[PDB]
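All remarks here apply to the structure that follows.
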Amino acid sequence: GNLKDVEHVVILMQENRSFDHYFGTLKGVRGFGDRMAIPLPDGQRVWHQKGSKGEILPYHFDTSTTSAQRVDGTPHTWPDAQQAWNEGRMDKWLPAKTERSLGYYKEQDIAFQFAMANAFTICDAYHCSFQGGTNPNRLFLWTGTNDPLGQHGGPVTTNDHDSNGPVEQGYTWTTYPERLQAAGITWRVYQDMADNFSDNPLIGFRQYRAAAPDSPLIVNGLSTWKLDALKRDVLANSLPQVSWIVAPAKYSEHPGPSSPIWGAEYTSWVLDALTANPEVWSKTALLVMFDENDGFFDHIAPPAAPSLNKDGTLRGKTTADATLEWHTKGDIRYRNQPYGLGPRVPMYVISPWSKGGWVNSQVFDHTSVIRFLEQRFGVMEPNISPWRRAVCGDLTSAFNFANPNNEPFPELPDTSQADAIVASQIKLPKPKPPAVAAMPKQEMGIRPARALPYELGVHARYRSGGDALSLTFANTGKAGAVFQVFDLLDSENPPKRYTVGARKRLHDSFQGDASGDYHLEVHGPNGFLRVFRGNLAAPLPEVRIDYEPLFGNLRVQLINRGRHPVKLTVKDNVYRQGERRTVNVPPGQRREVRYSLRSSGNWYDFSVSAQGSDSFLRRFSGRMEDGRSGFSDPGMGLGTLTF
Ligand SMILES: [Ca+2]
Ligand SMILES: [Ca+2]
């Protein structure tokens, strides 16, 4: 059993919902109970958003007492997405997106969505491709790019080509369906051309605008084939190899014309069509995701290339060329910022090879959908930037192709009363933040988790008469990754970002402050954390963490480069009830401690401190990958609680 058993890929991109907005309270995903949330400039965790009325924490949109089923939508364009993200500080959601940005649903409000996630596989590191709105993000899905170099009609930061227009003003880069067409791969866009909410970006391209009505580009890309036609194709065993579905406005899940319950109803209709023929369904993978987050808050700091400085230098470093990531033309606002990745959105992977309520925490974006098609059918998309190929995955890790399951679907909630539900709930008052802000809560509980291609380290070195801490960002795994470095002693400048491709390393230096103090928090994928605190101006302790996955062990090297011995204590923070070990390390030597991580499912969270220092700290947390499936963080729900 393997990827070649997929005969049909179906892609349903809905509209305008962030991951936390739906699933911040879903057990077993990285939600409001995240133990590894990033800090804001004031030193509090990212939840503590502030605006003109003070702090507004995430708060529940209660569809039983308010009209939040039809909440008023929030800003979602390039400038306000960049404003909220604020170069990765993640601290301006309220002025950029309004107080409605911080509202979230719970299970009782969106039962169908929860049931889909619990029946299949939910991706909790799937990001939209572009910070802003609709057509830029959909251009990444269908073509891999928004033309950042601006010589084929871009750069695209607006929706101004989401409709028909003069041939000579159409975009002129190549679309992925054209490459499929030429390779003989069958493909179709299912939509109503009279009501597709301008959610088909192919209409913006010269080669489609100029095409004859019997062109395969028009017949398959810009014609009306509704869900009745989809179901007929499934029953006839004539479903294409690659299908996109583009919902009507009312059913798109967008807050403007739609709602979660109408989006669920339409998704249910898609499921009814695709399951109509069991033989066809047994060979089908359905991907359901969102084009962007509206302006709804999501707390995960998006992976992104370093920003471009005025002098051509970068703030951060990258092993992968990031030329195509920077906004350098067009809109004068936010020049030299990266275009993405944008905030997390829901991605559901629904197939015979993705049942069971799994979570997958590999970083993906909309180009990952194309990458999945590259892996399966072999048609390459050269528009995808090298940075996106390094940092975003190909979706294959979201499946287990060796264990197909062709039983009937679990029951999913009924959506037939959607119209009556909305009609009743719009009679309720508009949702508002609570008078007293309170932290959101996520229930504890573990979810089976897919194996991830990540093996990462951050190794520190400092010198006695030195001015700075040297960090090595080491990627010894099979997929690239972004490390985000927060300087907890600098509340003004933005965090630095380091892109390290698979089997590579980067190095940088980090200065002490006036006293020689440093305090750095380094975040990576799926809860990866390395903390460095100390003073640079007796023992000189250091640690080096290495994985021994074949034996299920973590190797902790305790190093002393100083002239006197030091007692170093290794303390568990959450998985072993605060277990501690103490090691005396002679001058100019090192000593080793090994931990078997079997009892915690390869999760670890330890802090190393030195007797006689109130400041020195090395903290390390994450999950040690070993190629086998695992579980979500058993501590999800605990927030910053530590022993
Ligand atoms: Ca949208
Ligand atoms: Ca739209």
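Starting from 1 in every chain, residues are counted up; chains themselves are A, B, ... following the order of the structure tokens, and ligands are numbered from 1 as listed.
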Can you check which residues of stretch 226-474 of chain A DSSP gives as strand (DSSP E) on the backbone and send them as number ranges by chain? A: 242-245, 284-290, 307-308, 314-318, 347-350, 358-360, 448-449, 456-462, 468-474
Would you mind exporting N, CA and C atoms of the selected residues as a short mmCIF file (atom, residue, chain, number, x, y, z; two decimals), in the first residue's frame?
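Wrote it out as selection23.cif, contents follow:
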data_model
loop_
_atom_site.label_atom_id
_atom_site.label_comp_id
_atom_site.auth_asym_id
_atom_site.auth_seq_id
_atom_site.Cartn_x
_atom_site.Cartn_y
_atom_site.Cartn_z
N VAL A 242 -7.56 14.81 -10.88
CA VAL A 242 -7.40 15.98 -10.03
C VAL A 242 -8.66 16.82 -10.17
N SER A 243 -9.36 17.03 -9.07
CA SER A 243 -10.56 17.85 -9.07
C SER A 243 -10.43 18.94 -8.03
N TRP A 244 -10.81 20.15 -8.41
CA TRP A 244 -11.05 21.23 -7.47
C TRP A 244 -12.54 21.47 -7.38
N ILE A 245 -13.03 21.82 -6.19
CA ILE A 245 -14.42 22.20 -5.98
C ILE A 245 -14.45 23.64 -5.46
N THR A 284 -9.79 7.51 -3.48
CA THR A 284 -9.90 8.97 -3.45
C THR A 284 -9.34 9.57 -2.17
N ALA A 285 -8.63 10.69 -2.31
CA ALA A 285 -8.21 11.52 -1.18
C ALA A 285 -8.84 12.89 -1.33
N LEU A 286 -9.61 13.30 -0.33
CA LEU A 286 -10.23 14.61 -0.26
C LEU A 286 -9.45 15.49 0.70
N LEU A 287 -9.10 16.67 0.24
CA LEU A 287 -8.43 17.71 1.02
C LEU A 287 -9.38 18.89 1.15
N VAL A 288 -9.69 19.27 2.39
CA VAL A 288 -10.57 20.41 2.69
C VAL A 288 -9.75 21.41 3.50
N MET A 289 -9.64 22.63 2.99
CA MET A 289 -8.88 23.65 3.71
C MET A 289 -9.52 24.99 3.41
N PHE A 290 -8.89 26.05 3.90
CA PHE A 290 -9.41 27.41 3.77
C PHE A 290 -8.39 28.28 3.08
N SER A 307 13.28 38.99 7.02
CA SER A 307 12.96 40.20 6.30
C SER A 307 14.21 40.76 5.63
N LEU A 308 13.97 41.57 4.62
CA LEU A 308 15.02 42.16 3.80
C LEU A 308 15.31 43.56 4.33
N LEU A 314 19.94 40.67 5.47
CA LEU A 314 18.73 40.05 6.01
C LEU A 314 18.69 40.13 7.53
N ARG A 315 17.47 40.19 8.08
CA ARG A 315 17.28 40.09 9.52
C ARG A 315 16.93 38.63 9.82
N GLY A 316 17.95 37.86 10.18
CA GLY A 316 17.88 36.41 10.16
C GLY A 316 18.73 35.87 9.02
N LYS A 317 18.64 34.56 8.81
CA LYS A 317 19.38 33.91 7.74
C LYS A 317 18.54 32.79 7.16
N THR A 318 18.88 32.38 5.95
CA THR A 318 18.17 31.30 5.30
C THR A 318 19.13 30.52 4.40
N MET A 347 -7.05 22.33 7.92
CA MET A 347 -6.86 21.42 6.80
C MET A 347 -7.28 20.04 7.29
N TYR A 348 -8.26 19.46 6.62
CA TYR A 348 -8.72 18.12 6.90
C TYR A 348 -8.31 17.21 5.76
N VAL A 349 -7.78 16.03 6.10
CA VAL A 349 -7.35 15.04 5.11
C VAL A 349 -8.28 13.84 5.28
N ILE A 350 -9.12 13.61 4.28
CA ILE A 350 -10.27 12.72 4.36
C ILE A 350 -10.12 11.68 3.26
N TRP A 358 -6.48 11.39 13.62
CA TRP A 358 -5.07 11.71 13.73
C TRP A 358 -4.85 13.21 13.68
N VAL A 359 -3.75 13.66 14.27
CA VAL A 359 -3.22 15.00 14.02
C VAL A 359 -1.91 14.86 13.24
N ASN A 360 -1.65 15.82 12.36
CA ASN A 360 -0.37 15.93 11.67
C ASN A 360 0.13 17.37 11.87
N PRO A 448 -3.65 10.39 18.34
CA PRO A 448 -2.53 9.78 17.60
C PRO A 448 -1.98 10.79 16.62
N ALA A 449 -0.65 10.80 16.50
CA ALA A 449 0.06 11.80 15.72
C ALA A 449 0.94 11.15 14.67
N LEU A 456 15.86 18.49 14.89
CA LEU A 456 16.35 19.86 14.98
C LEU A 456 17.10 20.05 16.28
N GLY A 457 18.07 20.96 16.24
CA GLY A 457 18.79 21.34 17.44
C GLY A 457 19.20 22.79 17.36
N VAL A 458 19.41 23.38 18.53
CA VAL A 458 20.01 24.70 18.65
C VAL A 458 21.06 24.61 19.74
N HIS A 459 22.32 24.75 19.35
CA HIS A 459 23.48 24.50 20.20
C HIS A 459 24.19 25.82 20.47
N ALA A 460 24.39 26.13 21.74
CA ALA A 460 24.98 27.40 22.15
C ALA A 460 26.45 27.23 22.48
N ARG A 461 27.20 28.31 22.27
CA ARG A 461 28.58 28.42 22.71
C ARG A 461 28.83 29.88 23.06
N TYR A 462 29.41 30.13 24.24
CA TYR A 462 29.86 31.46 24.62
C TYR A 462 31.28 31.37 25.16
N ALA A 468 29.14 37.87 23.11
CA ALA A 468 27.96 37.34 22.47
C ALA A 468 27.86 35.84 22.68
N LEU A 469 26.63 35.36 22.55
CA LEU A 469 26.31 33.95 22.51
C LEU A 469 26.23 33.52 21.05
N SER A 470 26.97 32.48 20.69
CA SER A 470 26.87 31.87 19.38
C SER A 470 25.84 30.74 19.43
N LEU A 471 24.89 30.75 18.49
CA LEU A 471 23.93 29.67 18.33
C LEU A 471 24.11 29.00 16.98
N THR A 472 24.11 27.67 16.98
CA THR A 472 24.06 26.88 15.76
C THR A 472 22.69 26.24 15.64
N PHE A 473 22.00 26.56 14.54
CA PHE A 473 20.69 26.00 14.22
C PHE A 473 20.95 24.83 13.29
N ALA A 474 20.73 23.62 13.80
CA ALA A 474 21.14 22.40 13.12
C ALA A 474 19.91 21.62 12.70
#
Kindly provide, as JSON, numbers by chain, all nucleotide and amino acid residues lying within 12 Å of ligand 2, counting only C-alpha atoms and all ligand atoms. {"A": [13, 14, 15, 16, 73, 76, 77, 133, 134, 135, 136, 137, 138, 158, 159, 160, 162, 163, 195, 196, 197, 198, 199, 200, 201, 246, 247, 248, 249, 250, 251, 252, 253, 254, 255, 256, 257, 258, 290, 291, 292, 293, 294]}
Just list the residues in stretch 394-486 of chain A DSSP gives helix (DSSP H, G or I) on the backbone, as a ChimeraX atom specification. /A:396-398,418-425
Please save N, CA and C atoms of the selected residues as an mmCIF file, in the first residue's frame.
data_model
loop_
_atom_site.group_PDB
_atom_site.id
_atom_site.type_symbol
_atom_site.label_atom_id
_atom_site.label_comp_id
_atom_site.auth_asym_id
_atom_site.auth_seq_id
_atom_site.Cartn_x
_atom_site.Cartn_y
_atom_site.Cartn_z
ATOM 1 N N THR A 396 2.263 14.126 2.170
ATOM 2 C CA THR A 396 2.253 12.666 2.261
ATOM 3 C C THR A 396 2.319 12.192 3.706
ATOM 4 N N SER A 397 2.911 12.988 4.596
ATOM 5 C CA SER A 397 3.000 12.572 5.986
ATOM 6 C C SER A 397 1.656 12.576 6.692
ATOM 7 N N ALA A 398 0.620 13.135 6.075
ATOM 8 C CA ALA A 398 -0.701 13.160 6.688
ATOM 9 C C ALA A 398 -1.464 11.855 6.508
ATOM 10 N N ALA A 418 -29.649 23.531 8.347
ATOM 11 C CA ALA A 418 -28.797 24.721 8.323
ATOM 12 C C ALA A 418 -29.594 26.015 8.143
ATOM 13 N N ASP A 419 -30.505 26.052 7.156
ATOM 14 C CA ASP A 419 -31.283 27.271 6.919
ATOM 15 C C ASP A 419 -32.096 27.665 8.159
ATOM 16 N N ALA A 420 -32.711 26.691 8.826
ATOM 17 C CA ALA A 420 -33.510 26.984 10.014
ATOM 18 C C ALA A 420 -32.629 27.433 11.171
ATOM 19 N N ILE A 421 -31.444 26.828 11.295
ATOM 20 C CA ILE A 421 -30.495 27.210 12.340
ATOM 21 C C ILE A 421 -30.084 28.670 12.185
ATOM 22 N N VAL A 422 -29.698 29.068 10.978
ATOM 23 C CA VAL A 422 -29.275 30.447 10.778
ATOM 24 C C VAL A 422 -30.453 31.382 11.028
ATOM 25 N N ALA A 423 -31.629 31.027 10.507
ATOM 26 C CA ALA A 423 -32.779 31.928 10.603
ATOM 27 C C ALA A 423 -33.160 32.167 12.055
ATOM 28 N N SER A 424 -33.008 31.147 12.893
ATOM 29 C CA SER A 424 -33.257 31.308 14.316
ATOM 30 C C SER A 424 -32.153 32.116 14.993
ATOM 31 N N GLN A 425 -30.900 31.845 14.665
ATOM 32 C CA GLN A 425 -29.824 32.450 15.439
ATOM 33 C C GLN A 425 -29.566 33.915 15.080
#
Within 12 Å of residue A:493, counting only C-alpha atoms, which residues qualify if same-chain residues fewer than 5 places away don't, as a PDB file with N, CA and C atoms, in the first residue's frame?
ATOM      1  N   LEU A  40       4.849  37.889  23.582  1.00  0.00           N
ATOM      2  CA  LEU A  40       4.661  39.238  23.069  1.00  0.00           C
ATOM      3  C   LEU A  40       5.776  40.141  23.560  1.00  0.00           C
ATOM      4  N   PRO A  41       5.868  41.354  23.018  1.00  0.00           N
ATOM      5  CA  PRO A  41       6.905  42.285  23.482  1.00  0.00           C
ATOM      6  C   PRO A  41       6.848  42.612  24.963  1.00  0.00           C
ATOM      7  N   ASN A  86       2.921  42.030  12.321  1.00  0.00           N
ATOM      8  CA  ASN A  86       3.897  43.010  12.786  1.00  0.00           C
ATOM      9  C   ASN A  86       5.310  42.430  12.850  1.00  0.00           C
ATOM     10  N   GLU A  87       5.776  41.961  11.686  1.00  0.00           N
ATOM     11  CA  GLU A  87       7.127  41.437  11.505  1.00  0.00           C
ATOM     12  C   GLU A  87       7.398  40.242  12.391  1.00  0.00           C
ATOM     13  N   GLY A  88       6.344  39.543  12.792  1.00  0.00           N
ATOM     14  CA  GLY A  88       6.467  38.357  13.601  1.00  0.00           C
ATOM     15  C   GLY A  88       6.301  38.594  15.087  1.00  0.00           C
ATOM     16  N   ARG A  89       6.102  39.851  15.508  1.00  0.00           N
ATOM     17  CA  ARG A  89       5.817  40.134  16.915  1.00  0.00           C
ATOM     18  C   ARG A  89       4.432  39.650  17.327  1.00  0.00           C
ATOM     19  N   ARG A 315      17.475  40.185   8.080  1.00  0.00           N
ATOM     20  CA  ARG A 315      17.278  40.091   9.524  1.00  0.00           C
ATOM     21  C   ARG A 315      16.932  38.632   9.823  1.00  0.00           C
ATOM     22  N   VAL A 485      13.509  33.250  16.825  1.00  0.00           N
ATOM     23  CA  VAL A 485      14.316  33.622  17.992  1.00  0.00           C
ATOM     24  C   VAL A 485      13.730  34.876  18.606  1.00  0.00           C
ATOM     25  N   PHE A 486      13.154  34.731  19.793  1.00  0.00           N
ATOM     26  CA  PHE A 486      12.621  35.848  20.546  1.00  0.00           C
ATOM     27  C   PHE A 486      13.662  36.283  21.566  1.00  0.00           C
ATOM     28  N   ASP A 487      13.974  37.570  21.564  1.00  0.00           N
ATOM     29  CA  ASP A 487      14.883  38.167  22.545  1.00  0.00           C
ATOM     30  C   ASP A 487      14.030  38.770  23.656  1.00  0.00           C
ATOM     31  N   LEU A 488      13.979  38.089  24.798  1.00  0.00           N
ATOM     32  CA  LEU A 488      13.110  38.547  25.864  1.00  0.00           C
ATOM     33  C   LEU A 488      13.650  39.793  26.569  1.00  0.00           C
TER      34      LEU A 488
END
Best match for closeness to residue A:341 among A:272, A:517, A:365, A:626, counting only C-alpha atoms: A:365
Can you work out which one of A:388, A:430, A:97, A:376 has the shortest atom-to-atom distance to residue A:363, counting only C-alpha atoms?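 Looking only at the distances to residue A:363, the closest residue turns out to be A:388.
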